[PDB]
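Chemist: Shown below is the structure under consideration.
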Amino acid sequence: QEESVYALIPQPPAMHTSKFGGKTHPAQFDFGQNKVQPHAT
Amino acid sequence: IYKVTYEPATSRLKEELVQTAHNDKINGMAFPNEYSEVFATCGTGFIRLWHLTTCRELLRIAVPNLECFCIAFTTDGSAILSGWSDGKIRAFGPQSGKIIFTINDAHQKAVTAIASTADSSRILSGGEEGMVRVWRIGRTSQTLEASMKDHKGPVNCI
Amino acid sequence: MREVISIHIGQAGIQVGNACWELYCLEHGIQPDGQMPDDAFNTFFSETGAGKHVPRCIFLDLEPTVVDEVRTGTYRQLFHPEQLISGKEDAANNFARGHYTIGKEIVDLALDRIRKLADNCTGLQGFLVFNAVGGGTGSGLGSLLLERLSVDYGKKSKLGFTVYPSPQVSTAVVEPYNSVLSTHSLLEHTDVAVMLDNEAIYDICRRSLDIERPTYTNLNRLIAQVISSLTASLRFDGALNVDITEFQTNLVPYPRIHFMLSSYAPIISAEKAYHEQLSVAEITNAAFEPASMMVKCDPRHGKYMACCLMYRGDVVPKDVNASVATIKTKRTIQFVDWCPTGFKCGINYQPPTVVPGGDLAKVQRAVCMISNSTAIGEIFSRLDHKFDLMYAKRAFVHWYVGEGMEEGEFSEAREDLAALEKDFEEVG
Amino acid sequence: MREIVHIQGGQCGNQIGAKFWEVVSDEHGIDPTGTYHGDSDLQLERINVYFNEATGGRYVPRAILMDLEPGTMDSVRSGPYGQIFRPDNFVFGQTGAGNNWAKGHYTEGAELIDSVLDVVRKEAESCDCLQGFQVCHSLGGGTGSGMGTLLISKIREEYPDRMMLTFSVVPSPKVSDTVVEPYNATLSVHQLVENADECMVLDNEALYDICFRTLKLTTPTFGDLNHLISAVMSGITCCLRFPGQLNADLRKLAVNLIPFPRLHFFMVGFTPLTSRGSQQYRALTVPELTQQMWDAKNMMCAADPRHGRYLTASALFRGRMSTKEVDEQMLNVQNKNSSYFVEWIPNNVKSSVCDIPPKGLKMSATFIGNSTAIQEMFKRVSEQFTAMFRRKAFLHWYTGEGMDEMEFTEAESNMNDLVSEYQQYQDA
Ligand SMILES: Nc1nc2c(ncn2[C@@H]2O[C@H](COP(=O)(O)OP(=O)(O)OP(=O)(O)O)[C@@H](O)[C@H]2O)c(=O)[nH]1
Ligand SMILES: Nc1nc2c(ncn2[C@@H]2O[C@H](COP(=O)(O)OP(=O)(O)O)[C@@H](O)[C@H]2O)c(=O)[nH]1
Ligand SMILES: [Mg+2]
């Protein structure tokens, strides 16, 4: 309504990976055993 | 032109509008200043707006009975002026909303040519009964001055 | 006037509620039948019109099978029968059920309690959220509840004591997922969040306590010893009485970093006290020892942004400032450069109380340390691995999507973790 | 709250249910008259999960005995614990099923559902909060398999929220209990893949080794095997009936176990099982329960788990014990023999505990395994089916009931896909 025929038609990332990151291995942990074997038990 | 797809399986009938076209005797063309992508067509029933790359008409501002003549864009990018067979000029906008103003009895009958100043401060109207006039236009107040430029016949162009 | 609201959510929520509330009833001579034979108890209780001292807490859960034990245990004359909220069907270790299906139909009840639990409250310090992340009720209800608490009070402070999934010990398989979903809802809503893992507290019971058959009832008898030490200033006289707002101002540098560690010392058997003196000097060296952490994080891989030390018992400030001074010099402990300070210290003259049948020893000096460190990114990146290892196959998803959830809520709650770990690296 | 309704289909079901309701009854200290004669208040608090109060202090089970040829019902209607059942819960047909899956599912079964459903709803609505259904089948014969599945498809739609269990006894590999066994097997499997939340599989073969190897029995009668199956069906709902420091509802046992909606076949065991001579030597410690349950001998199904990988697993310990020894043991195995556990699931065991062991023991357990060796039951069945459907043997009995033949092939494609689902997820 405002005589704006120019305004009539409008014409116009990887997350990251931490350094600490790592899978827990059965070492550096005093709660459990300290080996990994195929079919021991 | 409609594409009516009907399936009797569920008895469902849906229509689509493929293409539209003007009715008859497109009177006037208009380009918005410094714009080569959209244009406007004044016809014998109402004003339609189209664009360049595709037909895909944008809107149809309707006036029921009397026909439009010599559609015009106010300079520098502004309202659309349209003089009708009534002898009256009317202004619309981009979405064109509601009539910006109606200069009524702008001529005796059937105003035929319409032009604007480069400053969008006055509007020329050449009528079919061989007369030329100009109206001064403020921002929200219109000025009806009495130029009365007499010409020898219908004003085809201004 | 110096009062807090103690919420317990889930099973481990009320599992620690039985340890904490067995402490305050004993620490103030409050018999299990309410009455005892001011402001020493007004932090946790509310004297009625005659004699009775009801607590100000709320036990919330979905399985009655535990909340009814409180109804039949010796602490049944204690609680207002409406505080012990319970449900009919449970969350079934499914974050969606605890958030979308079942959570929405009892929060309207729980909230009415809080409104009727805060009117008698004249000056409220802050809410106290005992939560167990890893279950539907712990993660779902907790998340849905916290958002409701933010929009009601906002200005009040929420403290989050959330048990976190340990690296090795895991009593579930899908506990990676609902532990991730909890972050997006706790982070913006808790004012500060303490963490502790069921695994780290196990080894504490091995070296120090020398107890070889540990059980959940043992560990909870340690957490209660933290909050008792944490809120001693609220209810017991002492040099440098430390409120909550003070505690919170000088510990959280940025609105994001509010995930902190805990410790306690001394933790010893009732017989090795005969082989030690446990001076203020000796304890504070053990609070900063990595094996005395209650979480399986290694502070030697990171840096300290602040620490807070709440001492208790026969302790005078001349020895606090001395033992703290010989720590800033120690090479192992690295403090991030933009804080040359970093210690808010608190002293009390009320030594830690001991419960009959407990494992700790009667001592006259005790320390509880709560540090905000940048090494906390470790335990937070393991989750970013197990979640990305199982979610690669959409395993167990059809349970979450079937309970009024979607697939976006997984990737959304995943980026929030990356958005967080950068914040633990921008501070380098 | 949290009630359970129980179905017994077929001759086998009407006989396992005899021992099941004998075992559970004693555990809750109720007489074959139905009067409670126990000692503790622990029996009464969760008695309504299986029974209903009645005038005179009786407790009548919530079972439904359905069978054609009521002859076998006349046995249990006459046994020692036969006086407890409601007589209106006995629904039976005057004719026979003939070990024919068709007429047990199409002609005769279709004549009883109109009455059976009035039975199941009459006692499904008396439940203030229904938890789920549980059935006991036999995939060899006609009544158990045929009517069982037809009962399920009616149940699956009427109650889709609740959960249906299935202790289906499947055929034996080395000996054939019937001749038309493979036809009844697949045609029933094709119903279980779509209309069952969980489904345990058992085998009379493996039920013989445990009595021939472990129990070292001499004359193992079905009266003893059913005392084995009843020991696991009682071992599942302990957390529903008895409190424990880590409870496990029936629903949270599936979401932690079934990654994809079609791998709902499991594998069970029980511990401890010793001779009457060896009970003098072997001790009862969590390290003992944990190795015998994990072994490849107590698997009550005839499928060696050492031919595939464990997707997930479970364990329902019973008896006041140390919750740490349980957690470190089940962990110790996964990383010990890491070749039988999948890698895209970091921790794939759930662990429950109960303060209440069996009636005559101090420690006990119960195992549930979801292994990719369960496909071996399907191969051995998929071949015996295609050896005789290839020549159209014994089919005039199945087509004589108006059956099609694509219902046979659809039963084979559905199976021969289920045998591949168990192989993508088994990368060896
Ligand atoms: N320190 C401690 N941790 C516990 C205790 N009980 C359970 N946990 C841990 O809490 C986690 C599961 O939380 P729960 O509260 O049992 O589950 P939930 O939040 O109620 O959700 P649902 O199981 O679906 O009802 C597990 O990892 C437990 O190791 C306890 O008594 N003390
Ligand atoms: N554990 C156990 N299994 C049985 C017993 N009796 C039969 N079964 C099995 O049930 C199978 C036959 O199915 P059956 O129940 O007799 O036919 P139905 O009446 O149509 O269901 C056979 O494989 C039997 O071995 C029993 O007493 N104890
Ligand atoms: Mg729980």
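How things are named: the first chain in the structure tokens is A, the next is B, and so on; residues count from 1 in each chain; ligands count from 1 in the order shown.
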Distance limit 8 Å, reference ligand 2, atoms considered: only C-alpha atoms and all ligand atoms. Which residues make the cut? Give them as a ChimeraX atom specification.
Modeler: /D:9-13,15-16,67-68,97-101,104,137-146,169-172,176-178,203-204,207,221-223,225-226,229
Chemist: For the residues in that selection, give me N, CA and C atoms as a tab-separated table (two decimals), in the first residue's frame.
Modeler:
```
chain	number	residue	atom	x	y	z
D	9	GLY	N	-1.55	-72.06	27.15
D	9	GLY	CA	-2.13	-72.67	25.97
D	9	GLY	C	-1.55	-74.05	25.70
D	10	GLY	N	-2.42	-74.97	25.29
D	10	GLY	CA	-1.98	-76.27	24.86
D	10	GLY	C	-1.71	-77.22	26.01
D	11	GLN	N	-1.30	-78.44	25.64
D	11	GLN	CA	-0.97	-79.44	26.64
D	11	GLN	C	0.27	-79.05	27.43
D	12	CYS	N	1.32	-78.61	26.74
D	12	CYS	CA	2.53	-78.17	27.42
D	12	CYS	C	2.25	-76.98	28.33
D	13	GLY	N	1.52	-75.99	27.82
D	13	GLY	CA	1.19	-74.83	28.63
D	13	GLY	C	0.35	-75.17	29.84
D	15	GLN	N	0.63	-77.61	31.55
D	15	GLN	CA	1.47	-78.44	32.40
D	15	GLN	C	2.67	-77.70	32.96
D	16	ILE	N	3.28	-76.80	32.19
D	16	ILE	CA	4.23	-75.86	32.78
D	16	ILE	C	3.52	-74.97	33.79
D	67	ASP	N	-7.49	-74.87	26.25
D	67	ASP	CA	-7.03	-76.12	25.67
D	67	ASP	C	-8.19	-76.80	24.96
D	68	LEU	N	-7.90	-77.46	23.84
D	68	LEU	CA	-8.83	-78.42	23.28
D	68	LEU	C	-8.56	-79.79	23.90
D	97	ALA	N	-7.41	-81.20	18.43
D	97	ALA	CA	-6.66	-80.41	17.46
D	97	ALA	C	-5.78	-81.24	16.54
D	98	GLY	N	-5.42	-82.45	16.95
D	98	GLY	CA	-4.73	-83.36	16.06
D	98	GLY	C	-3.34	-82.94	15.64
D	99	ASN	N	-2.63	-82.19	16.48
D	99	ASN	CA	-1.28	-81.72	16.16
D	99	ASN	C	-1.25	-81.04	14.80
D	100	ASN	N	-2.29	-80.26	14.52
D	100	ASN	CA	-2.51	-79.67	13.21
D	100	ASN	C	-2.64	-78.17	13.41
D	101	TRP	N	-1.62	-77.41	12.99
D	101	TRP	CA	-1.64	-75.97	13.22
D	101	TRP	C	-2.86	-75.32	12.59
D	104	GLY	N	-6.14	-75.90	14.67
D	104	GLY	CA	-5.91	-75.20	15.91
D	104	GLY	C	-5.86	-73.70	15.77
D	137	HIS	N	3.72	-71.48	25.59
D	137	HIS	CA	3.29	-72.16	24.38
D	137	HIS	C	4.05	-73.46	24.19
D	138	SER	N	3.81	-74.08	23.03
D	138	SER	CA	4.58	-75.23	22.58
D	138	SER	C	4.51	-75.22	21.07
D	139	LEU	N	5.62	-74.90	20.42
D	139	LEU	CA	5.63	-74.69	18.98
D	139	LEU	C	5.61	-75.99	18.18
D	140	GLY	N	5.36	-77.12	18.81
D	140	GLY	CA	5.25	-78.37	18.09
D	140	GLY	C	3.83	-78.74	17.72
D	141	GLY	N	2.93	-78.74	18.70
D	141	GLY	CA	1.58	-79.21	18.51
D	141	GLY	C	0.68	-78.17	17.85
D	142	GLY	N	-0.61	-78.47	17.87
D	142	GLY	CA	-1.59	-77.61	17.25
D	142	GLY	C	-2.29	-76.67	18.22
D	143	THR	N	-2.73	-77.19	19.36
D	143	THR	CA	-3.48	-76.36	20.30
D	143	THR	C	-2.62	-75.23	20.83
D	144	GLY	N	-1.43	-75.55	21.35
D	144	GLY	CA	-0.57	-74.52	21.89
D	144	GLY	C	-0.15	-73.50	20.85
D	145	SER	N	0.36	-73.99	19.71
D	145	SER	CA	0.82	-73.09	18.66
D	145	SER	C	-0.35	-72.37	18.00
D	146	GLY	N	-1.28	-73.13	17.43
D	146	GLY	CA	-2.40	-72.56	16.70
D	146	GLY	C	-3.24	-71.60	17.52
D	169	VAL	N	8.15	-72.94	23.97
D	169	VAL	CA	9.03	-74.09	23.85
D	169	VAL	C	9.11	-74.48	22.38
D	170	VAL	N	10.32	-74.51	21.83
D	170	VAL	CA	10.49	-74.76	20.40
D	170	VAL	C	10.91	-76.21	20.20
D	171	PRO	N	10.89	-76.72	18.96
D	171	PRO	CA	11.32	-78.10	18.72
D	171	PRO	C	12.77	-78.34	19.12
D	172	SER	N	13.13	-79.61	19.17
D	172	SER	CA	14.41	-80.21	19.52
D	172	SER	C	15.16	-80.62	18.26
D	176	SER	N	12.64	-85.71	16.97
D	176	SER	CA	11.40	-85.06	16.57
D	176	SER	C	10.30	-85.50	17.52
D	177	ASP	N	9.72	-84.54	18.25
D	177	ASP	CA	8.62	-84.88	19.15
D	177	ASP	C	7.36	-85.24	18.38
D	178	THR	N	7.13	-84.58	17.25
D	178	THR	CA	6.05	-84.93	16.34
D	178	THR	C	6.63	-84.99	14.93
D	203	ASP	N	14.19	-75.50	24.89
D	203	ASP	CA	14.27	-76.76	24.17
D	203	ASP	C	14.33	-77.90	25.17
D	204	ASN	N	13.54	-78.94	24.92
D	204	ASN	CA	13.57	-80.09	25.80
D	204	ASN	C	14.92	-80.79	25.78
D	207	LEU	N	17.15	-78.81	28.11
D	207	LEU	CA	16.58	-79.13	29.41
D	207	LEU	C	16.94	-80.52	29.89
D	221	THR	N	12.04	-86.39	35.05
D	221	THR	CA	10.69	-86.38	34.53
D	221	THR	C	10.27	-84.95	34.22
D	222	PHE	N	9.28	-84.81	33.34
D	222	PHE	CA	8.73	-83.50	33.04
D	222	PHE	C	8.36	-82.74	34.30
D	223	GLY	N	7.95	-83.44	35.36
D	223	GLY	CA	7.72	-82.79	36.64
D	223	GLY	C	8.94	-82.09	37.19
D	225	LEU	N	11.61	-80.90	34.84
D	225	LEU	CA	11.90	-79.86	33.87
D	225	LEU	C	11.01	-78.64	34.10
D	226	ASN	N	9.72	-78.88	34.35
D	226	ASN	CA	8.84	-77.76	34.65
D	226	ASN	C	9.23	-77.07	35.95
D	229	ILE	N	11.77	-74.58	34.30
D	229	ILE	CA	11.16	-73.46	33.61
D	229	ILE	C	10.46	-72.53	34.59
```
Chemist: Go through the chains and note each residue within 10 Å of ligand 3, using only C-alpha atoms and all ligand atoms, then give the set as a PyMOL selection string.
Modeler: (chain C and resi 9-13+61-63+90-94+98+132-139) or (chain D and resi 246-249+252)
Chemist: Just asking: which residues within chain A are alpha helix (DSSP H) according to DSSP, as a PyMOL selection string?
Modeler: chain A and resi 5-8
Chemist: What does the structure give for the distance between CA of residue 412 in chain C and CA of residue 424 in chain C, in Å to one decimal?
Modeler: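 Between CA of residue 412 in chain C and CA of residue 424 in chain C the gap is 19.2 Å.
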Chemist: Got a sec: who's within 9 Å of range 18-20 of chain C, counting only C-alpha atoms, leaving out chain neighbours fewer than 5 positions off, as a ChimeraX atom specification?
Modeler: /C:25,70,217,220-225,227-228
Chemist: Can you write just those residues out, C-alpha atoms, as a PDB file, in the first residue's frame?
Modeler:
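Dumped to again.pdb:
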```pdb
ATOM      1  CA  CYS C  25      17.576 -36.368  61.706  1.00  0.00           C
ATOM      2  CA  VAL C  70       9.747 -45.140  52.988  1.00  0.00           C
ATOM      3  CA  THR C 217      23.892 -47.901  50.723  1.00  0.00           C
ATOM      4  CA  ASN C 220      25.148 -42.720  49.716  1.00  0.00           C
ATOM      5  CA  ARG C 221      26.638 -42.572  53.213  1.00  0.00           C
ATOM      6  CA  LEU C 222      29.416 -40.563  51.533  1.00  0.00           C
ATOM      7  CA  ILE C 223      27.285 -38.144  49.511  1.00  0.00           C
ATOM      8  CA  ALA C 224      25.347 -37.196  52.633  1.00  0.00           C
ATOM      9  CA  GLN C 225      28.735 -36.366  54.142  1.00  0.00           C
ATOM     10  CA  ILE C 227      25.974 -31.937  51.624  1.00  0.00           C
ATOM     11  CA  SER C 228      26.371 -31.986  55.399  1.00  0.00           C
TER      12      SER C 228
END
```
Chemist: Near residue 40 in chain B, within 7 Å and counting only C-alpha atoms, which residues show up once chain neighbours fewer than 4 positions away are dropped, as a ChimeraX atom specification?
Modeler: /B:29-31,48-50
Chemist: Please produce a file of those selected residues containing N, CA and C atoms, as a PDB file, in the first residue's frame.
Modeler:
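Result file out04.pdb:
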```pdb
ATOM      1  N   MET B  29       0.835  -1.309 -21.224  1.00  0.00           N
ATOM      2  CA  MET B  29       2.006  -1.924 -20.622  1.00  0.00           C
ATOM      3  C   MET B  29       2.657  -0.945 -19.655  1.00  0.00           C
ATOM      4  N   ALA B  30       3.379  -1.490 -18.678  1.00  0.00           N
ATOM      5  CA  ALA B  30       4.116  -0.632 -17.764  1.00  0.00           C
ATOM      6  C   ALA B  30       5.312  -1.389 -17.208  1.00  0.00           C
ATOM      7  N   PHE B  31       6.452  -0.703 -17.140  1.00  0.00           N
ATOM      8  CA  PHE B  31       7.650  -1.196 -16.490  1.00  0.00           C
ATOM      9  C   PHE B  31       7.980  -0.308 -15.300  1.00  0.00           C
ATOM     10  N   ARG B  48      -3.263  -6.681 -14.182  1.00  0.00           N
ATOM     11  CA  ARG B  48      -2.503  -7.867 -13.822  1.00  0.00           C
ATOM     12  C   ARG B  48      -1.021  -7.524 -13.761  1.00  0.00           C
ATOM     13  N   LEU B  49      -0.278  -8.278 -12.960  1.00  0.00           N
ATOM     14  CA  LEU B  49       1.160  -8.077 -12.828  1.00  0.00           C
ATOM     15  C   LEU B  49       1.890  -9.374 -13.135  1.00  0.00           C
ATOM     16  N   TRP B  50       2.891  -9.298 -14.008  1.00  0.00           N
ATOM     17  CA  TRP B  50       3.677 -10.451 -14.415  1.00  0.00           C
ATOM     18  C   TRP B  50       5.148 -10.144 -14.174  1.00  0.00           C
TER      19      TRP B  50
END
```
Chemist: With only C-alpha atoms and all ligand atoms as the atoms that count, which of C:60, C:232, C:333, C:159 lies nearest to ligand 1?
Modeler: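 Of the candidates, the smallest distance to ligand 1 is held by C:60.
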Chemist: Excluding same-chain residues fewer than 2 positions from residue 103 in chain B, what lies within 10 Å of it counting only C-alpha atoms, as JSON, numbers by chain?
Modeler: {"B": [83, 87, 88, 89, 90, 91, 101, 105, 106, 107, 135, 142, 143, 144]}
Chemist: Let's have the selection written as a short mmCIF file (atom, residue, chain, number, x, y, z; two decimals), in the first residue's frame, with N, CA and C atoms.
Modeler:
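What ended up in result.cif:
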```cif
data_model
loop_
_atom_site.label_atom_id
_atom_site.label_comp_id
_atom_site.auth_asym_id
_atom_site.auth_seq_id
_atom_site.Cartn_x
_atom_site.Cartn_y
_atom_site.Cartn_z
N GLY B 83 -5.95 5.33 -15.12
CA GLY B 83 -7.11 6.11 -15.50
C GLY B 83 -8.10 5.23 -16.25
N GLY B 87 -13.57 8.29 -16.56
CA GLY B 87 -13.07 9.65 -16.46
C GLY B 87 -12.45 9.94 -15.12
N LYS B 88 -11.94 8.93 -14.43
CA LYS B 88 -11.34 9.08 -13.11
C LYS B 88 -10.01 8.34 -13.08
N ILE B 89 -9.05 8.92 -12.37
CA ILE B 89 -7.75 8.31 -12.14
C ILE B 89 -7.76 7.73 -10.73
N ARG B 90 -7.14 6.57 -10.56
CA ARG B 90 -7.03 5.95 -9.25
C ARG B 90 -5.62 5.43 -9.06
N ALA B 91 -5.15 5.46 -7.82
CA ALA B 91 -3.80 5.04 -7.49
C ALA B 91 -3.84 3.78 -6.63
N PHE B 101 -5.66 7.11 -3.92
CA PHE B 101 -6.56 8.24 -4.11
C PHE B 101 -7.33 8.05 -5.41
N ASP B 105 -13.63 12.72 -12.10
CA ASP B 105 -13.87 13.69 -13.17
C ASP B 105 -12.56 14.26 -13.70
N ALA B 106 -11.51 13.43 -13.74
CA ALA B 106 -10.22 13.90 -14.22
C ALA B 106 -10.31 14.43 -15.64
N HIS B 107 -11.23 13.89 -16.43
CA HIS B 107 -11.57 14.45 -17.73
C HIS B 107 -13.07 14.29 -17.93
N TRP B 135 -2.34 17.43 -12.29
CA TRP B 135 -2.71 17.49 -10.88
C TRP B 135 -1.44 17.52 -10.04
N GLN B 142 -3.87 15.69 -1.83
CA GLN B 142 -3.89 15.88 -3.27
C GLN B 142 -4.27 17.32 -3.60
N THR B 143 -3.77 17.81 -4.74
CA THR B 143 -4.03 19.18 -5.18
C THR B 143 -4.62 19.15 -6.59
N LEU B 144 -5.82 19.70 -6.73
CA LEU B 144 -6.58 19.64 -7.98
C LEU B 144 -6.46 21.01 -8.65
#
```
Chemist: Would you return as a short mmCIF file (atom, residue, chain, number, x, y, z; two decimals) with N, CA, C and O atoms, in the first residue's frame the members of range 200-339 of chain C that DSSP assigns to strand (DSSP E) on this structure's backbone?
Modeler:
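Ended up saving to states38.cif:
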```cif
data_model
loop_
_atom_site.label_atom_id
_atom_site.label_comp_id
_atom_site.auth_asym_id
_atom_site.auth_seq_id
_atom_site.Cartn_x
_atom_site.Cartn_y
_atom_site.Cartn_z
N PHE C 259 30.00 -27.13 35.43
CA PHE C 259 30.19 -28.55 35.70
C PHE C 259 31.49 -28.72 36.46
O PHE C 259 32.57 -28.45 35.91
N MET C 260 31.39 -29.17 37.70
CA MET C 260 32.51 -29.16 38.62
C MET C 260 32.66 -30.52 39.28
O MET C 260 31.80 -31.39 39.18
N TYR C 304 42.86 -25.54 36.57
CA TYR C 304 41.85 -25.14 37.53
C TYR C 304 41.42 -23.71 37.26
O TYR C 304 42.26 -22.83 37.07
N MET C 305 40.11 -23.48 37.24
CA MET C 305 39.58 -22.13 37.13
C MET C 305 39.21 -21.55 38.48
O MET C 305 39.19 -20.33 38.63
N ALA C 306 38.92 -22.41 39.46
CA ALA C 306 38.63 -22.02 40.83
C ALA C 306 38.54 -23.29 41.67
O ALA C 306 38.48 -24.40 41.14
N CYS C 307 38.56 -23.10 42.98
CA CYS C 307 38.31 -24.15 43.95
C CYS C 307 37.56 -23.53 45.11
O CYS C 307 37.61 -22.31 45.32
N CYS C 308 36.82 -24.36 45.84
CA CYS C 308 36.14 -23.94 47.05
C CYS C 308 36.36 -25.01 48.10
O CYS C 308 36.17 -26.19 47.82
N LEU C 309 36.77 -24.60 49.29
CA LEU C 309 37.15 -25.53 50.35
C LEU C 309 36.29 -25.25 51.56
O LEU C 309 36.28 -24.13 52.07
N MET C 310 35.56 -26.26 52.02
CA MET C 310 34.72 -26.13 53.20
C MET C 310 35.33 -27.00 54.29
O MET C 310 35.13 -28.22 54.31
N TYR C 311 36.10 -26.39 55.19
CA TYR C 311 36.67 -27.16 56.27
C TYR C 311 35.66 -27.30 57.40
O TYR C 311 34.66 -26.58 57.47
N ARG C 312 35.95 -28.20 58.33
CA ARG C 312 35.02 -28.47 59.41
C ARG C 312 35.81 -28.91 60.63
O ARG C 312 36.82 -29.61 60.49
N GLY C 313 35.37 -28.49 61.80
CA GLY C 313 35.95 -28.97 63.03
C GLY C 313 37.01 -28.05 63.61
O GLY C 313 36.99 -26.84 63.36
#
```
Chemist: Give the answer as one residue: which of B:112, B:147, B:95, B:125 has the shortest atom-to-atom distance to chain A, using only C-alpha atoms?
Modeler: B:95
Chemist: Which of these, D:113, D:239, D:196, D:165, has the shortest distance to ligand 1 once you count only C-alpha atoms and all ligand atoms?
Modeler: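 Ranked by minimum distance to ligand 1, first place goes to D:239.
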Chemist: Find the residues around residue 99 in chain C up to 8 Å (only C-alpha atoms counted), leave out those fewer than 3 positions away in its own chain, and share them as an MDAnalysis selection string.
Modeler: chainID C and resid 95:96 102:104 136 140:141 143:144
Chemist: Each residue of chain D with at least one atom at most 8 Å from chain C should appear once, together with its nearest atom pair and the corresponding distance in Å (one decimal); atoms considered: only C-alpha atoms; ordering: chain, then increasing residue number; output as a Markdown table.
Modeler:
```
| residue | atom | partner | partner_atom | distance |
| --- | --- | --- | --- | --- |
| D:1 | CA | C:88 | CA | 6.3 |
| D:2 | CA | C:89 | CA | 7.1 |
| D:129 | CA | C:88 | CA | 6.9 |
| D:131 | CA | C:89 | CA | 7.9 |
| D:240 | CA | C:65 | CA | 7.8 |
| D:242 | CA | C:65 | CA | 7.9 |
| D:243 | CA | C:65 | CA | 6.1 |
| D:245 | CA | C:216 | CA | 7.3 |
| D:249 | CA | C:92 | CA | 7.0 |
| D:251 | CA | C:92 | CA | 5.8 |
| D:252 | CA | C:92 | CA | 4.1 |
| D:253 | CA | C:92 | CA | 7.9 |
| D:255 | CA | C:399 | CA | 6.8 |
| D:256 | CA | C:173 | CA | 5.7 |
| D:258 | CA | C:396 | CA | 7.1 |
| D:259 | CA | C:396 | CA | 4.6 |
| D:260 | CA | C:396 | CA | 6.5 |
| D:261 | CA | C:398 | CA | 7.4 |
| D:321 | CA | C:213 | CA | 7.8 |
| D:322 | CA | C:213 | CA | 5.1 |
| D:323 | CA | C:215 | CA | 5.0 |
| D:324 | CA | C:214 | CA | 5.8 |
| D:325 | CA | C:213 | CA | 7.2 |
| D:327 | CA | C:169 | CA | 6.2 |
| D:328 | CA | C:169 | CA | 7.0 |
| D:331 | CA | C:169 | CA | 7.2 |
| D:344 | CA | C:390 | CA | 5.5 |
| D:345 | CA | C:390 | CA | 6.0 |
| D:346 | CA | C:386 | CA | 6.6 |
| D:347 | CA | C:173 | CA | 5.7 |
| D:348 | CA | C:173 | CA | 5.3 |
| D:349 | CA | C:173 | CA | 6.4 |
| D:350 | CA | C:172 | CA | 4.8 |
| D:351 | CA | C:171 | CA | 5.7 |
```
Chemist: Compute the chain A side of the contact with chain B at 10 Å, counting only C-alpha atoms, and hand it back as a JSON list (two decimals) with N, CA, C and O atoms, in the first residue's frame.
Modeler:
```
[["chain", "number", "residue", "atom", "x", "y", "z"],
["A", 1, "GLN", "N", 0.82, -1.21, 0.00],
["A", 1, "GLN", "CA", 0.00, 0.00, 0.00],
["A", 1, "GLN", "C", 0.86, 1.26, 0.00],
["A", 1, "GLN", "O", 0.41, 2.32, -0.44],
["A", 2, "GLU", "N", 2.09, 1.14, 0.48],
["A", 2, "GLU", "CA", 2.97, 2.28, 0.69],
["A", 2, "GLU", "C", 3.68, 2.70, -0.59],
["A", 2, "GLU", "O", 4.63, 3.49, -0.53],
["A", 3, "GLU", "N", 3.22, 2.22, -1.74],
["A", 3, "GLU", "CA", 3.82, 2.57, -3.03],
["A", 3, "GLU", "C", 5.26, 2.09, -3.10],
["A", 3, "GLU", "O", 6.17, 2.82, -3.51],
["A", 4, "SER", "N", 5.47, 0.83, -2.72],
["A", 4, "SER", "CA", 6.79, 0.23, -2.56],
["A", 4, "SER", "C", 7.02, -0.91, -3.55],
["A", 4, "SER", "O", 7.51, -1.98, -3.18],
["A", 5, "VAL", "N", 6.65, -0.70, -4.81],
["A", 5, "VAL", "CA", 6.76, -1.71, -5.86],
["A", 5, "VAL", "C", 8.15, -2.33, -5.91],
["A", 5, "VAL", "O", 8.32, -3.45, -6.41],
["A", 6, "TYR", "N", 9.15, -1.62, -5.40],
["A", 6, "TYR", "CA", 10.46, -2.23, -5.23],
["A", 6, "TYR", "C", 10.44, -3.27, -4.12],
["A", 6, "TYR", "O", 11.15, -4.28, -4.20],
["A", 7, "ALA", "N", 9.64, -3.04, -3.08],
["A", 7, "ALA", "CA", 9.47, -4.00, -2.00],
["A", 7, "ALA", "C", 8.33, -4.97, -2.26],
["A", 7, "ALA", "O", 8.05, -5.81, -1.40],
["A", 8, "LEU", "N", 7.66, -4.86, -3.41],
["A", 8, "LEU", "CA", 6.59, -5.80, -3.75],
["A", 8, "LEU", "C", 7.10, -7.23, -3.72],
["A", 8, "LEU", "O", 6.58, -8.08, -2.98],
["A", 9, "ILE", "N", 8.11, -7.52, -4.52],
["A", 9, "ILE", "CA", 8.69, -8.86, -4.62],
["A", 9, "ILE", "C", 10.00, -8.87, -3.84],
["A", 9, "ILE", "O", 10.90, -8.07, -4.14]]
```
